[PDB]
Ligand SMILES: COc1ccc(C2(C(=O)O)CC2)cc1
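For reference, the chain that follows is the form solved without this ligand, supplied as structure tokens.
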């Protein structure tokens, strides 16, 4: 027995969500479908231009941990908030889902991170993130016992942006591997890959990271290639297991020379694509820590991803375990 199936580690963020049109993105120099990093002043400026919004707990790794708990897995999370109302909200949501979350705030300032997410009529999301208290996440926030007791530890590529989070992750990898556990990462965003391509490859090649998540764009960007087949071949050579999502074209899971394709789920209405990749990882890692085939892990991933894009907010409000059972994923 282990205490946890999946520990995740990431930027603790509250999402501020509003609808807009494509012209709004252009007028404001917001890169569509990307994670745009912003300072405190620009956050205020974008907020002043934004329509009425809804707030929902987010953060890539936070969403993933919540999705694992929703599916019936045992999940934990490390991530730093401030002692403020947004922090109280984040703390509440993730704990209310049954995730172990014990990272202690370090005061009220800087405040808890927010991402201004503009959702266009096609359901695509464009995020604009002020990292706030996330910049504080460091080695002191690693609960060594938790990493040791977790079957998989999963972290965001996004964590290379704040300064000391990488040191926490290197500690995680050491502890995880000392206990025969596995490490996993997501590439997060193509622009993040642009920033850290070489460091990400080295994490993979040195064996610090075992299982890598990417979408098509991130995989292309990792090798700065336009040839998807080459990207798949190279990613398979660089890590133990790769799981690559291809939007409305499903997913492919790679392990050495084996490839497992997962068919493209049909979506009646896309409300908001926020959290799709995060919930793919939830379904995959839940499957993986239950000992399911790689194909079934892929299927569980696409199931969760398909559900989250049919609602507002990045964490499914319906029962994923119920959906998985109806789907025969057991």
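Residue numbers count along the first chain shown, from 1.
Another form, the form solved in complex with this ligand, is not on view; read the next lines as being about it.
Query raised in the report: Can you pick the one in 72, 98, 111, 138 that has a heavy atom within 4.5 Å of this ligand in the deposited complex?
Result: Here the answer is residue option 111.
Query raised in the report: Just one of 142, 116, 76, 231 has a heavy atom within 4.5 Å of this ligand in the deposited complex. Which one?
Result: So the residue touching this ligand in the deposited complex, by this definition, is 116.
Query raised in the report: Should residue 47 be counted as a contact of this ligand in the deposited complex, where contact means heavy atoms within 4.5 Å?
Result: Residue 47: contacts this ligand in the deposited complex.
Query raised in the report: Does at least one non-hydrogen atom of residue 26 fall within 4.5 angstroms of this ligand in the deposited complex?
Result: Close contact is absent here: in the deposited complex, residue 26 is far from this ligand, nothing within 4.5 Å, heavy atoms only.
Requested in this report: Evaluate residue 43 for contact with this ligand in the deposited complex, applying a 4.5 angstroms cut-off between non-hydrogen atoms, and reply yes or no.
Outcome: Residue 43: contacts this ligand in the deposited complex.
Query raised in the report: Does residue 200 reach this ligand in the deposited complex if we count a contact as any heavy atom within 4.5 Å?
Result: No, residue 200 stays farther than 4.5 Å from this ligand in the deposited complex.
Query raised in the report: Of 121 to 135, which residues get within 4.5 Å of this ligand in the deposited complex if you count heavy atoms?
Result: Heavy-atom contacts to this ligand in the deposited complex: only 130.
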